[PDB]
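No Cβ is skipped: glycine too gets one built from the backbone with ideal geometry, and neighbour counts run over all protein chains shown. No lab work stands behind these numbers, since they all come straight from the coordinates.
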Amino acid sequence: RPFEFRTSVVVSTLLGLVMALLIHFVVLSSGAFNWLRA
Amino acid sequence: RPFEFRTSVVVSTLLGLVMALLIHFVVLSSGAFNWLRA
Amino acid sequence: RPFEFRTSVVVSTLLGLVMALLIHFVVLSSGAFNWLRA
Amino acid sequence: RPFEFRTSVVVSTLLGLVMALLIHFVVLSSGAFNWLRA
Amino acid sequence: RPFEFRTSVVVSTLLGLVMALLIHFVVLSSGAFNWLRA
Amino acid sequence: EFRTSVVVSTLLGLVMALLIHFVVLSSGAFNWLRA
Amino acid sequence: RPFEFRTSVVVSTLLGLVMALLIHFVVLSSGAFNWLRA
Amino acid sequence: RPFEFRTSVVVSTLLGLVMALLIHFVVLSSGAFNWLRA
Amino acid sequence: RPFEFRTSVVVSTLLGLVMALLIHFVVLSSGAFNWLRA
Amino acid sequence: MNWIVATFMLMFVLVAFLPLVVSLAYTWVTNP
Amino acid sequence: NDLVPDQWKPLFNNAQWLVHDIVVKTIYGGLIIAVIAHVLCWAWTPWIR
Amino acid sequence: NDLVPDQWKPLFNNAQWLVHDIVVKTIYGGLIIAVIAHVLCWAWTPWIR
Amino acid sequence: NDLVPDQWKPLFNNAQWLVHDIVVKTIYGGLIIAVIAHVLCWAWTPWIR
Amino acid sequence: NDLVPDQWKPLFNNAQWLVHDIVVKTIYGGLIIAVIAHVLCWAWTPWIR
Amino acid sequence: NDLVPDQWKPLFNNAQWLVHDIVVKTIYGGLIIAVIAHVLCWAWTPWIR
Amino acid sequence: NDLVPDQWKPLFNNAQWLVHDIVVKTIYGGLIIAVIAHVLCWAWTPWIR
Amino acid sequence: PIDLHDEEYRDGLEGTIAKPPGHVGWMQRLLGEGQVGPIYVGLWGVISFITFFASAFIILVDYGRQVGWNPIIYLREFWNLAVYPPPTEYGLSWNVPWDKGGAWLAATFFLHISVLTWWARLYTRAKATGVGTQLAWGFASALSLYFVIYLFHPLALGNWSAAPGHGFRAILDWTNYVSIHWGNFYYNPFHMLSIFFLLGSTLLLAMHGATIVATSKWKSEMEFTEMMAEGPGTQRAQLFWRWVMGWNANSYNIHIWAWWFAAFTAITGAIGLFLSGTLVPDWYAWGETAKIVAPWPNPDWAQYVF
Amino acid sequence: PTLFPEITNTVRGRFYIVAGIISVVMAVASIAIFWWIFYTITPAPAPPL
Amino acid sequence: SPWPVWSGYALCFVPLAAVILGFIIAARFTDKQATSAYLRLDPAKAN
Amino acid sequence: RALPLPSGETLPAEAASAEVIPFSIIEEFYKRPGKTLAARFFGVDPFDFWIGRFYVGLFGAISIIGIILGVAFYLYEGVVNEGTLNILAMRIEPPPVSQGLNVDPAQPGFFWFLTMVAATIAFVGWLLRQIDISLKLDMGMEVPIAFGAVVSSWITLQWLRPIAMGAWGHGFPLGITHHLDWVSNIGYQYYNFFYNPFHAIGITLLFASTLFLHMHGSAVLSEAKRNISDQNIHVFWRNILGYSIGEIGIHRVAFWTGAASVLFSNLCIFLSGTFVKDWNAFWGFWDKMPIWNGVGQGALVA
Amino acid sequence: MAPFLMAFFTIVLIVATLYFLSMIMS
Ligand code: BCL
Ligand code: BCL
Ligand code: BCL
Ligand code: BCL
Ligand code: BCL
Ligand code: BCL
Ligand code: BCL
Ligand SMILES: CC(C)=CCC/C(C)=C/C=C/C(C)=C/C=C/C(C)=C/C=C/C=C(C)/C=C/C=C(C)/C=C/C1=C(C)C(=O)CCC1(C)C
Ligand SMILES: CC(C)=CCC/C(C)=C/C=C/C(C)=C/C=C/C(C)=C/C=C/C=C(C)/C=C/C=C(C)/C=C/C1=C(C)C(=O)CCC1(C)C
Ligand SMILES: CC(C)=CCC/C(C)=C/C=C/C(C)=C/C=C/C(C)=C/C=C/C=C(C)/C=C/C=C(C)/C=C/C1=C(C)C(=O)CCC1(C)C
Ligand SMILES: [Fe+3]
């Protein structure tokens, strides 16, 4: 057992949430889409 | 007993005093009433 | 029992008070209502 | 005793003194009265 | 026996001294009496 | 302690003497050291 | 005894040296004497 | 014994050297004597 | 024995070297001699 | 008021120093 | 806890019940005074407008 | 606690009852003085205007 | 506790009663002096104007 | 504390009494010198004017 | 502390008394030299004027 | 401490006395040289003027 | 397998010197230990010492050259004397005159060797005396900041002048100039992180020292023993911090906190300093686009004018 | 008639009252007399041209 | 236009989030370890 | 049995008086009510209970009043009165220097004064509550001494210096990212606060505090879970640097350096306001100390 | 009238001090 499954779950879920937030914020600040008032 | 009665009394009394002070100060600083030269 | 009832009560009450204060402050600062001399 | 008479006396007396000082200072700083050259 | 006379004496004397100092300093700083400069 | 009072009083007196000498000399009021 | 003789000697000697240096420097810098081309 | 002889020797010798250096410097910087093109 | 001979030797030798360097540098910087284009 | 009040506040800053000095002297006196 | 109603016996001591009664009556009096104060301040200067 | 009324015997000691009586009478006197002071300060300079 | 009136015997020791008498008389003297000082300071410079 | 008067025996050691005597005499001499210095500085330049 | 007078025996060791004698004589010599230096500097340039 | 005079036996070791003698003679020689240097520097350029 | 006496009292290289240990006396009374003890000289201490000596000697004799070889002007200006890096012209070049940054390059190279071999000394003596190498890695974080300041930020900016000038006043001047050149370092967010970690470093140091000196009567300071079984002093410390702020650490966790707060100070500082020149030329201007700058339409400027 | 016999009866404690009083008045006199001297001898800052 | 720049966000806010979150989690685990049961000297005896 | 240790290591019990004790046992053994400062003064601590893990004293209740009121006043001045909605752009400003030392509810800057007073009440109550809890546990007064150093740093910045300057607008604004604007404008008004000597001492002690923290965390972590004779870290610290301060010495130095940093710091900002206007002009005396005045030519003279 | 009043209050301070210190020093 190289990795506890709970550890991989925590790390993957936190990475996914952080990346979703980061990508949403980058896309919204880019003004490239016209989403939420251009 | 989930909550000692003394604890609830202390918390409620302190919350009420803090809220009375806060609301008095907000209302007095608003200058909306003409109280104490407002 | 996953949650002590006292813990849930404290958390819910504090969250509700904080949210009431936050929403009141946001609504009063918005100047959207004409409350307390707008 | 959860409610000692000495405890209630100390708390009430200190609260009254603090409130008297606070109200005096708020009223004196308001400049609304012309007390002590205002 | 509650409220030792010694305790009440200490508390009252200290409160009176603190209040005399506070009132003297408030009155002197107010310049209504002008730190006695007149 | 008597030693504590002695130290405090002596240091206060020395500091006071130095301070007053320096205030009086810098005032240029008395004709001391070409003032 | 209240004071070790060595302590009093150190303190007095250091005070005397510091005061001699201070007075010499004050008198020199005053230019009131014409010493060392003044 | 109030004072080790070695301590008094160290202190006196260091004080004398420091004072000789200080006085030489002060006299040389004063330009009051033609020492070293002054 | 008040003073180890090794200590006196170290102190005297270091003092002599420091003083020789200091005096050489003071004399060379004075430009009073015409040594090393001074 | 400028220099009197200023020096009183200066002395309060040094008073703030004081507790730490008491701690150092405590260590010295109690480690004999 | 004899003076306490058996509904609230698991929660209230005998002495805590009397202090609770004082607190309840004080809160009620303060509420009446607060309602009167709010009606007076509204008749004086309406804050909602 | 004999001097204490039975209603307040669970709460008040014998000595605490006398000190409570002093505190109550002091609070009442201070309240009368405070009402007089407020009426005088209002007759002098109304703060609510 | 013999010197104490029986009303205040639950509260005051024999020695505490004498010190309490001194404190009361000192407070009264200080009050008279404070009233005199306030009347003098008012006749000199009224702070309420 | 043999050389100390019995009035000051609770306060002064035997050695502390002699050092206190020196301190007192030094303070008195310094006070005389300070009075003389103040009279001379006043005769020279009055600072009150 | 035999060499010490019995008045100062509580304060001075046997060796501290000799060093104190040296310090006293040095202070006296320095005082005489300081008085001479002050008289000479006054005859040269009076600082008080 | 045999070589030390009995006056200074409480203060000086046997070896410290010889080093003290060297220090004293060095201080005296340096003092003579310093006096000569001061007289020469005064004859050259008086600093007091 | 580790002789504690042999590691203290071996002779020569890979041995110690000053081996008859002195006692300071006042250090024993105030700090509890007064033995200066023998100090190790282990072929990394030698490189460290002689390369630092080369660095300091270059700097000191260039101080001497700058005062015209006057040892009084030396003592007077010693704190404002400095050996500055080569100017912006010919910025990364090492073909700079000795007075215009030539001395700075050599001294800084020898200083680099000195700090690297001091790291190696920390590492090798930690392994030799049986302790972990945590101090060597803490020094490595400090050295990350150091090598950004002196080597990696001057490079990637194109000039040695981006580096400090080897002086008592020059490092203060360098800090001022670097914050001024890149806008305002107050709006450098990794500078804010590094200040968070530095002030939290001092806060944890003060709290830890004060807690252990307060519970000192029950021998809380003997952390090695307390980590095996927590005595009454450590128990009182845990309870103090539980009652004060609702959570606590044991004898072991608190030092993890200490190590990591200091390491984060150094690491976030290195990152922010490297970012200021290369990626974000202006921190206040970036802060306005980042919406972290407070609007200040009508400031009261009477406070800031005499 | 006292409640602090270790402070008002014993010579060491009784002395502490006088010590505290004298130290408070000594510090106050220190500060007050310094500022008096400073403000009386110091000239007014020269009137602006 | 109301939006800070990507740079601003990355730099300030996800390090802000990391510091706050990570501090809270580190405190959680600090105290789990500190309040767990391990070899202590019994207070009734040693004290 | 596994025998779990404080570090987290499980050591198998043979390879001391210690037993595996629950914290709940440690916590209940050390409760000891009624030793607090308030219980000495009034004869009782009005709040001698624990709310959860926290100890609520008289000064804990005062402190929590201060905390709640300070947070609410802070957020009133900056959500309302400023309208910002984002805490990095809000600006909690004192009254203007024009107003002087007096406070006016009608004038702007009134909620800064209230936030500052409530924050002072909160900080002083936190300090007095630390004294409470150290008195309960028979500890020394060192944690209150260090926290008092930093609380006096706050008092100097918001009370002593604004009073001595006399304007009450010399207190720093309570804004995230905007108190930095005050720190920068004060640092440059008295130009080169780097040359402020009490500021240089404060920075020296801050850097030394972080260095000592790293060295101590390193030293304790390096000997943590090893077979060590407790003298290995001393030998290491004598092989490196030729001095080992010892276990009690490193914590004393920790406490002292920590406190002294902010003590010299508050001496710096106070002097910067009141006595020294220019910190470069302060150092004008150095080149004129008469021991090196005369020796120089060209640019090498001063 | 300010010098009058300051002198008055200092002498009341002093006389108060003589009175109660006389009691304490009894
Ligand atoms: C984020 C990580 C999640 C997780 C998410 C998944 C997902 C999702 C799956 C598994 C599945 C598996 N996981 Mg899992 N898994 C987690 C934690 C664990 C842990 C752990 C240490 O405890 C273990 C041991 C496992 C083990 C396993 C096996 C039970 C199983 C088969 C994997 C395999 O054979 O790979 C062999 C196959 C590959 C390695 C293919 C590699 C694919 C690469 C990336 C190419 C993808 C092409 C892409 C789809 C096309 C892109 C086109 C775009 C649309 C344009 N998981 C963590 C929590 N796991 C698989 C499963 O169970 O099947 C039902 C699967 O679907
Ligand atoms: C608008 C188009 C923008 C863009 C904007 C975004 C945004 C916005 C996002 C991504 C995200 C992603 N994009 Mg993109 N993306 C673009 C261009 C690209 C390109 C390409 C070269 O052009 C690529 C390869 C990608 C690749 C990706 C993957 C990294 C990811 C989507 C799959 C993934 O792994 O997460 C798959 C996600 C999941 C498996 C999470 C599932 C979570 C579940 C469904 C819960 C959702 C939250 C739910 C509301 C909570 C409810 C709980 C209640 C209690 C019930 N993007 C363009 C520029 N991209 C998404 C991402 O997640 O980043 C990690 C995202 O946030
Ligand atoms: C004026 C209209 C403003 C607005 C201003 C406010 C304000 C102002 C508030 C809310 C609050 C809320 N609003 Mg809104 N709200 C608006 C638009 C919306 C919209 C919508 C999409 O338009 C929605 C969905 C909401 C949703 C909500 C809920 C989050 C909440 C009310 C129910 C709740 O859960 O708490 C229900 C509340 C309770 C269950 C608490 C009960 C407490 C008891 C009654 C005690 C009250 C205190 C009492 C005085 C103490 C006496 C004690 C004495 C000792 C006796 N608002 C508009 C913009 N909104 C309220 C809230 O509480 O936020 C949490 C509130 O404070
Ligand atoms: C001038 C008019 C000002 C104003 C200035 C003040 C001032 C000034 C004060 C108050 C105080 C109070 N005011 Mg207001 N007040 C105003 C407007 C209002 C309004 C209103 C909506 O308009 C209201 C409801 C109040 C309400 C109140 C109460 C909170 C309180 C008076 C009763 C009380 O509980 O304490 C009753 C007080 C007592 C029971 C204490 C009794 C103490 C005894 C008598 C000892 C007194 C000290 C004595 C000298 C010590 C001697 C000891 C020697 C040893 C013998 N004020 C206007 C703006 N108000 C008073 C207060 O105490 O605040 C708590 C006070 O200090
Ligand atoms: C020129 C006139 C200047 C002035 C310049 C100085 C100078 C310059 C000095 C004083 C010093 C003093 N002056 Mg003045 N002084 C003036 C006006 C005054 C007035 C007055 C109101 O007018 C007064 C009261 C004083 C008062 C004093 C005393 C504080 C002191 C001299 C006695 C003393 O205690 O130390 C007596 C000194 C001793 C007991 C020390 C004895 C030391 C022994 C002799 C060793 C000397 C060093 C020796 C070379 C080392 C050799 C060691 C080798 C190894 C052998 N001055 C005027 C303005 N004054 C002197 C002083 O010492 O300050 C403390 C001094 O330095
Ligand atoms: C040129 C005239 C300048 C002046 C320049 C100097 C200079 C320059 C010096 C003094 C020093 C002194 N001056 Mg002056 N001095 C002046 C005006 C004064 C006046 C006066 C009111 O006018 C006074 C009272 C003094 C008083 C003094 C004494 C403080 C001292 C000389 C005696 C002493 O104690 O040290 C006596 C010195 C000794 C006992 C040391 C003996 C050391 C032995 C001889 C070794 C010497 C070093 C030797 C080379 C090392 C060889 C080692 C090899 C291994 C063999 N000066 C005028 C302004 N003055 C001298 C001093 O030493 O200061 C402490 C000195 O340096
Ligand atoms: C050019 C004239 C300059 C001047 C420039 C210098 C210079 C330059 C120096 C001195 C030094 C000295 N001068 Mg001068 N000096 C001047 C004016 C004066 C006056 C005077 C009032 O006018 C005086 C009293 C002095 C007094 C002195 C003594 C302090 C000293 C010489 C004797 C001494 O003690 O060290 C005697 C020295 C020794 C005993 C050291 C012996 C060392 C042995 C010989 C080794 C030498 C190094 C050797 C090369 C190493 C070889 C090792 C290999 C392995 C074999 N100078 C004028 C202004 N002076 C010299 C000194 O040493 O300062 C301490 C020196 O460096
Ligand atoms: C513009 C923007 C930003 C808008 C944001 C939009 C969002 C995100 C809104 C989010 C809203 C949310 C999440 C609101 C939350 C509301 C809650 C949790 C209310 C809690 C009420 C809790 C209550 C009533 C608790 C009551 C507690 C009581 C009565 C205590 C009871 C008691 C206890 C427990 C005792 O022992 C004894 C005393 C007593 C009996 C009184
Ligand atoms: C514009 C603005 C800022 C408006 C603010 C609006 C708000 C929020 C107002 C808030 C008002 C409130 C909350 C006021 C609080 C009033 C109280 C609690 C008074 C206490 C009285 C307690 C009193 C008099 C206690 C008296 C105690 C006494 C006489 C004690 C006596 C004694 C006791 C018992 C002893 O040992 C033995 C005997 C002795 C005499 C010494
Ligand atoms: C602005 C201006 C002008 C200000 C100025 C105004 C003032 C305040 C002037 C101050 C004057 C003062 C304070 C002068 C002080 C002069 C002194 C202390 C000289 C010391 C001599 C010490 C001497 C000679 C020590 C010699 C030591 C020796 C010979 C050592 C000898 C030796 C030691 C000890 C050994 O191991 C073994 C034997 C060996 C011989 C080698
Ligand atoms: Fe530690």
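When T:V143 is tested against the conditions (1) of a type outside the set (K, R); (2) within 14 Å of chain J (Cβ to nearest Cβ); (3) over 30 Å from Q:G233 (Cα atoms), the lone failure is (3).
Per this entry, S:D42 is not counted among residues that are touching a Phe, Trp or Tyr at 6+ places or on another chain (Cβ under 6 Å) and either closer than 27 Å to Q:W260 by Cβ or surrounded by 14 or more Cβ atoms within 10 Å (Cβ to Cβ) (or both).
Counting only helices (runs of 4 or more DSSP H) that sit completely within the stretch T:223-294, those holding 2 or more residues that are within 7 Å of chain Q (Cβ to nearest Cβ) and more than 16 Å from ligand 11 (Cβ to nearest atom) correspond to T:232-239, T:247-274.
When the test is whether a residue is in contact with a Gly (Cβ under 8 Å, 6 or more places away or on another chain), more than 9 Å from chain Q (Cβ to nearest Cβ), buried (at least 22 other Cβ atoms within 10 Å of the Cβ) and assigned to a helix (DSSP H, G or I), T:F73 does not pass it.
Looking only at the stretch Q:166-225, residues that are outside any helix (DSSP H, G or I) and either out of contact with any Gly (no Cβ under 7 Å at 6 or more places or on another chain) or over 30 Å from T:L137 (Cβ atoms) (or both) come to 10 in all. For the structure I just gave you, tell me whether Q:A285 is of a type in the set (G, A, S) and surrounded by fewer than 23 Cβ atoms within 10 Å (Cβ to Cβ). So Q:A285 fits the description; yes. The single condition among (1) in a helix (DSSP H, G or I); (2) within 12 Å of chain T (Cβ to nearest Cβ) that Q:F274 does not meet is (2). Would you check if T:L88 is outside any loop (DSSP other than H, G, I, E, B), among the hydrophobic types (A, V, I, L, M, F, W, C) and crowded, with 19+ Cβ neighbours inside 10 Å? Here the answer is no, as T:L88 does not meet what is asked. Condition test on N:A37, is it within 28 Å of F:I20 (Cα to Cα) and of a type in the set (G, A, S)? The answer is yes for N:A37. When we screen M:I27, M:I33 for residues that are more than 8 Å from every other protein chain (Cβ to nearest Cβ), of a type in the set (A, V, I, L, M, F, W, C) and either loosely packed, with under 15 Cβ neighbours inside 10 Å or out of contact with any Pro (no Cβ under 8 Å at 6 or more places or on another chain) (or both), the only hit is M:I27. The set of residues from the stretch E:1-24 being in a helix (DSSP H, G or I), within 24 Å of M:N14 (Cα to Cα) and at the interface with chain M (Cβ under 9 Å from one of its Cβ atoms) comprises E:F5, E:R6, E:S8, E:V9, E:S12, E:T13.
Of everything in the stretch O:6-49, what is over 20 Å from the mean Cα position of the chain (by Cα) and not in a loop (DSSP other than H, G, I, E, B)? Give them in sequence order. Within the stretch O:6-49, O:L40, O:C41, O:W42, O:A43, O:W44 meet the criteria.
Taken as a whole, the structure places Q:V96 among residues that are crowded, with 18+ Cβ neighbours inside 10 Å, of a type in the set (A, V, I, L, M, F, W, C), farther than 26 Å from Q:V280 by Cβ and more than 14 Å from every other protein chain (Cβ to nearest Cβ).
Per-residue answers, yes or no, for (1) touching a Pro at 6+ places or on another chain (Cβ under 8 Å); (2) of a type in the set (G, A, S):
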position: Q:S251; (1), (2): yes, yes
position: Q:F261; (1), (2): no, no
position: Q:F264; (1), (2): no, no
position: Q:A270; (1), (2): no, yes
position: Q:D282; (1), (2): no, no
position: Q:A285; (1), (2): no, yes
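For the stretch Q:106-161, give me each residue that is part of a loop (DSSP other than H, G, I, E, B), within 12 Å of chain T (Cβ to nearest Cβ) and at negative phi. Across the stretch Q:106-161, the qualifying residues are Q:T129, Q:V131, Q:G132, Q:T133. Taken over the stretch N:2-16, the criterion of being under 17 Å from F:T4 (Cβ atoms) and hydrophobic (A, V, I, L, M, F, W, C) is satisfied by N:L11, N:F12, N:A15.
Being more than 10 Å from chain S (Cβ to nearest Cβ) and surrounded by 10 or more Cβ atoms within 10 Å (Cβ to Cβ) is the filter; apply it to the stretch A:25-38 and report the residue that is farthest from ligand 9 (Cβ to nearest atom).
Among residues in the stretch A:25-38 that are more than 10 Å from chain S (Cβ to nearest Cβ) and surrounded by 10 or more Cβ atoms within 10 Å (Cβ to Cβ), the one farthest from ligand 9 (Cβ to nearest atom) is A:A32.
Looking only at residues in the stretch T:1-50 that are surrounded by 15 or more Cβ atoms within 10 Å (Cβ to Cβ) and more than 14 Å from chain Q (Cβ to nearest Cβ), the one that is nearest to the chain's Cα centre (by Cα) is T:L37. Select from the stretch Q:44-96 the residues that are in a helix (DSSP H, G or I), among the β-branched types (V, I, T) and farther than 18 Å from I:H24 by Cβ and list them in ascending order. Selection gives Q:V46, Q:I47, Q:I50, Q:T51, Q:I58, Q:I59. Among residues of the stretch I:23-38 being of a type outside the set (A, V, I, L, M) and under 17 Å from T:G298 (Cβ atoms), the one that is farthest from ligand 6 (Cβ to nearest atom) is I:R37. Count of the stretch T:241-258 residues, restricted to those that are surrounded by fewer than 22 Cβ atoms within 10 Å (Cβ to Cβ) and not small (G, A, S), is 4.
Cβ contacts < 9 Å: first residue over 19 Å from G:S30 (Cβ atoms), restricted to the stretch O:26-49; second residue within 16 Å of ligand 2 (Cβ to nearest atom) and not in a helix (DSSP H, G or I), any location; separation 6+ or different chain. Result? If the second residue must be within 16 Å of ligand 2 (Cβ to nearest atom) and not in a helix (DSSP H, G or I), no pairs are left.
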